[PDB]
DNA sequence: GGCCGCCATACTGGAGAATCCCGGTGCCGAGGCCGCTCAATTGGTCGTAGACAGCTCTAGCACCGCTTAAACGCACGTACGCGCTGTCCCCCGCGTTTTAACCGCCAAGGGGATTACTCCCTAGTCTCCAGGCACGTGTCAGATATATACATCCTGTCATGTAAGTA
DNA sequence: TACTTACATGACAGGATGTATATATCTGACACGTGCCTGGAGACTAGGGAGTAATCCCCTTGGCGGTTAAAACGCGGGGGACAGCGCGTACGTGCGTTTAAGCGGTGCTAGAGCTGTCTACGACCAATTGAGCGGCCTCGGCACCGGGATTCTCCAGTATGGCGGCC
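What follows is the structure in structure tokens.
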């Protein structure tokens with residue numbers, strides 16, 4: 037029988053590993069293309085320093101992880117282990133947004 | 037029989053009556069006594085402009101109202117109406133306190 | 010012998026003081042030198058902003074059948090406008106109360 | 010016939026550039042005159058915070074058996090000092106990672 | 020002249036009134052002391068800033084402008100008191 | 020020349036890994052699209068300011084330092100890119 | 030003997046009667062207006078100082094103020110303010 | 030060459046060798062501490078400008094800086110910063 | 001099965017107190033008017049800031065090529081969220097009592113702000129020197145690699161909660 | 001009816017494998033040596049800003065007499081919170097496949113950034129004015145008050161649906 041883990045175990049291992057690890061979890065180049073396509077939504081033919089792209093990146097994942105920590109706070113306050121989007125909408129209202 | 041409203045009816049009447057209200061909900065003299073009390077710990081013989089006392093009063097009242105707004109958003113998030121201090125602690129800690 | 014005194018606020022045709030806003034910007038230690046269009050542009054922005062504030066206050070007062078502005082009208086004026094709310098999310102108003110706001114779960118049935 | 014040009018950081022017995030901080034405050038538009046002990050006091054505060062942070066960073070580096078200051082060490086040090094934490098609550102560290110934080114409800118029986 | 024227990028001077032029905040302004044229908048028994056504590060902490064922070072202002076102003080009388088600036092530094096800016 | 024869909028490029032497993040870094044143990048399938056929406060809103064809010072900085076700078080190439088300025092304006096100050 | 034304290038009373042009174050001739054006012058509402066005008070004034074002024082610092086500008090001009098308007102003032106109000114400000118500097122240069 | 034840009038490399042390195050003679054430092058962390066010292070310098074500078082405005086003081090002194098420290102810095106950080114700055118200003122006052 | 005009769009459960013009218021709501025009366029604060037004063041502007045002047053042109057050179061962009069992490073998609077194991085019923089208890093509402101908050105009145109002086117005097121201080125400027133930045137360049141900490149231990153979480157077995165026989 | 005016992009599902013007890021734990025290496029970012037010029041610094045100095053004395057007056061602080069408003073205490077009661085179990089569920093995890101990301105490799109010029117000009121551009125001083133704020137009072141919109149109407153809310157007779165029993 038091939039080995040298989042119970043649910044949450046790989047989730048928890050990933051939790052531990054990326055709490056330990058510090059690297060970016062999103063591919064940089066689709067992020068860069070998204071940055072450029074939303075740039076041309078404001079001003080066409082903009083150019084971006086790569087440092088600006090990664091700076092926007094680490095800002096983005098930091099903002100995201102802050103929202104998800106608030107999401108887990110709401111979800112355990114909702115007595116739950118699975119988050120639903122209303123947790124995020126709630127937290128977004130709590131932050132004043 | 038004497039007239040008796042069902043539980044929550046007078047509560048909702050208080051809801052509408054104090055949202056339409058604009059006046060301060062704290063007795064002025066014990067609030068002034070409390071601010072003198074706490075401020076005496078930090079600096080002795082402190083004197084208070086009464087307008088500053090009502091300024092602290094209204095600011096604290098609205099800060100608490102915003103706190104209970106966050107709280108009952110968490111409570112309807114938590115499928116409850118009897119708010120409990122963990123809701124306030126959730127609102128504070130998601131807010132960052 | 011001298012030019013007639015005709016103020017720059019009248020040059021803008023606007024009631025907000027060009028001179029007072031200019032001297033508050035110069036005294037406020039933001040830069041030692043200020044472009045000429047900066048205070049007139051600022052005063053135009055401020056007078057316009059206060060103009061929609063006064064519009065919403067006026068309709069709020071007319072709704073509550075009083076001719077005079079009360080800060081309850083200011084509460085209803087600010088908190089019912091989404092861009093004003095985004096401007097003043099963290100701003101506290103004296104004796105304003107709150108919006109008439111009840112969640113649907115609090116109502117009977 | 011001037012004497013030796015001594016440095017004001019060493020006059021304070023300190024490492025942070027007094028001249029740089031004083032010049033920045035003269036060019037930062039905060040007051041046109043700056044009190045004489047103000048940049049010395051400021052640099053002393055800055056060096057005190059910097060020194061305690063670098064001490065924590067070196068201790069955290071020694072904790073994970075590394076000899077070089079890493080931004081992960083900066084995260085694990087500053088975010089684990091609660092007064093530095095609420096001093097720097099809304100501040101993001103590039104490639105610092107996150108604190109190891111598992112909720113007790115998330116851990117199994 | 021010393022004051023000891025004026026946190027109870029912010030009365031239980033005043034807490035109920037504030038939660039009615041907050042739109043709270045049902046309030047548990049554990050609520051009131053926690054509200055007293057958190058308002059105590061908030062007031063302590065604000066008047067700590069205000070007392071710092073006042074001693075830095077070399078004054079003895081607490082003024083409402085100091086209250087305004089203290090609330091500004093906590094991101095709780097108040098309109099309507101001479102600001 | 021133009022691009023139409025790269026918000027998809029913030030992929031679902033990337034969101035999953037972040038929620039592992041954010042401490043989420045179980046992620047609904049409804050989570051990913053609305054997280055994309057709210058990060059979309061946030062990045063628009065940042066980049067609108069950054070572009071405003073950029074034509075305020077009379078430049079055509081976006082630099083990281085204005086991104087730092089926009090983040091510091093929005094209360095999400097980032098260390099590691101200033102200067 | 031007293032010392033004058035400056036406030037924005039007469040200007041807000043002027044524009045109120047310009048837009049609502051029949052509408053009254055309370056004084057503490059005017060206190061909230063004074064707090065508003067100083068608050069938004071210092072927001073815009075600090076942002077303009079920031080933009081002057083970032084682009085190494087020793088002078089804060091209308092471009093700085095307009096930039097600060099697009100930053101802080103959100104959306105539709107920003108576009109209106111840009112519009113009447115452009116009108117306002119235009120008629121000002123013609124005056 | 031290029032234009033000299035001021036940074037806080039050497040002063041942080043001197044302070045590091047004061048607290049940890051044995052260790053090294055990454056350049057990424059170095060830029061982070063440059064951002065740190067610039068950011069906290071900006072916070073304290075703006076706060077001192079605010080208080081000089083409130084007291085109508087044309088000059089920011091170490092009294093104002095100490096007030097700003099007691100505002101921003103929490104508790105023992107504030108009081109040991111007071112002690113360190115006081116010791117430093119006594120040494121500089123005594124040259 | 002139809003028919004008739006009986007229970008169940010909400011349908012609904014009715015009534016009375018709380019609050020709008022309509023009309024009457026004082027009152028207080030808007031506001032509007034009068035006197036002062038400061039500020040705001042103008043002309044000019046003088047210093048200077050950055051806009052503009054323009055070069056240049058360099059990293060972003062475009063193009064190209066090999067690799068494999070990504071990713072994603074389907075299957076499936078398995079745990080999730082929440083609701084029914086119930087269950088236990090907890091403030092809400094509805095009073096009475098009481099007391100001190102409030103309001104009106106009285107006396108004290110604190111200190112805050114204002115003017116004047118004073119003198120402490122701080123930057124400007126000019127110049128001079130030295131220390132950190134730019135550059136350059138060795139060099140070992142660790143990035144990467146290969147080999148091994150142990151968690152560790154999963155997997156295979158204990159244990160007692162509860163169902164059942166019977167003294 | 002309780003005591004014991006079986007059994008089977010929740011509890012008790014040991015291994016594959018992903019990450020932890022042992023060096024080997026080679027490199028390029030750490031780390032240190034070198035020219036430099038710019039960045040700090042010092043003496044005077046002209047001038048300006050804050051500390052200090054007085055003081056006064058007005059605004060705060062303490063005291064007092066009633067008055068319910070507000071707090072406070074207590075009791076009936078409906079609602080609230082929420083867990084055990086159930087049940088459709090919804091997503092984690094396996095793991096192979098695809099592909100475009102990732103790495104690495106080239107060419108180039110757009111514009112980033114740096115350099116000379118120059119004129120706009122705007123701060124600043126004496127003077128002069130005109131708007132704009134201190135002061136006051138006063139009168140009519142609004143606060144307070146009495147009396148219906150409305151309005152809302154709780155209940156109780158009820159009709160009707162639903163359901164059973166007899167013919």
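Residue numbers (PDB author numbering), protein chains in the order written: chain O, 37 to 133; chain K, 37 to 133; chain Q, 10 to 118; chain M, 10 to 118; chain L, 20 to 102; chain P, 20 to 102; chain R, 30 to 124; chain N, 30 to 124. The C-beta atom is built at its ideal place from N, Cα and C for all residues, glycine as well.
Contact under 8 Å by Cβ, residue i with residue j
i, j, result
"residue 92/K", "residue 62/L", "yes"
"residue 119/K", "residue 43/L", "yes"
"residue 50/M", "residue 78/N", "no"
"residue 88/M", "residue 121/N", "no"
"residue 69/K", "residue 64/L", "no"
"residue 124/O", "residue 54/P", "yes"
"residue 80/N", "residue 93/N", "yes"
"residue 59/M", "residue 44/N", "yes"
"residue 37/Q", "residue 74/R", "yes"
"residue 128/K", "residue 57/L", "yes"
Reduced DSSP category for residue i - H, G, I as helix; E, B as strand; rest coil
i, result
"residue 44/R", "helix"
"residue 101/M", "strand"
"residue 129/K", "helix"
"residue 25/M", "coil"
"residue 43/Q", "strand"
"residue 99/N", "helix"
"residue 48/P", "coil"
"residue 81/L", "strand"
"residue 78/O", "coil"
"residue 73/P", "helix"
"residue 26/L", "coil"
"residue 62/Q", "helix"
"residue 115/N", "helix"
Residues of its chain near residue i, where Cβ-Cβ distance is below 7 Å and the 5 sequence neighbours each way are ignored
i, result
"residue 97/P", "87 and 90"
"residue 111/R", "95 and 98"
"residue 116/O", "none"
Residue from the options whose Cα sits closest to the Cα of residue i
i, options, result
"residue 33/P", "101/O, 130/O and 88/O", "101/O"
"residue 71/P", "78/O, 133/O and 84/O", "78/O"
"residue 71/M", "49/N, 37/N, 31/N and 32/N", "49/N"
"residue 47/Q", "35/R, 89/R and 41/R", "89/R"
"residue 107/M", "35/P, 74/P and 39/P", "39/P"
"residue 32/M", "23/M, 17/M and 22/M", "17/M"
"residue 84/M", "65/N, 113/N and 118/N", "65/N"
"residue 103/Q", "86/R, 123/R and 57/R", "57/R"
"residue 87/N", "78/M, 41/M, 35/M and 115/M", "41/M"
"residue 42/N", "28/M, 35/M and 64/M", "64/M"
"residue 59/K", "79/Q, 92/Q and 98/Q", "79/Q"
Sequence-distant residues of its chain with Cβ nearer than 8 Å to residue i (five each side left out)
i, result
"residue 47/R", "none"
Residue range of the unbroken beta strand (DSSP E) whose run includes residue i
i, result
"residue 96/P", "96-98"
Bounding residues of the alpha helix (DSSP H) (the contiguous stretch that carries residue i)
i, result
"residue 107/Q", "Unbroken run through residue 107/Q: none, as it is neither H nor E."
"residue 124/R", "Neither: residue 124/R is in no alpha helix (DSSP H) and is coded neither H nor E."
"residue 51/K", "45-56"
"residue 68/R", "56-83"
"residue 104/R", "Careful: residue 104/R lies outside any alpha helix (DSSP H) and carries neither H nor E."
"residue 38/Q", "Segment: none, residue 38/Q is in no alpha helix (DSSP H) and carries neither H nor E."
"residue 39/K", "Here residue 39/K belongs to no alpha helix (DSSP H), and DSSP marks it neither H nor E."
"residue 106/O", "86-113"
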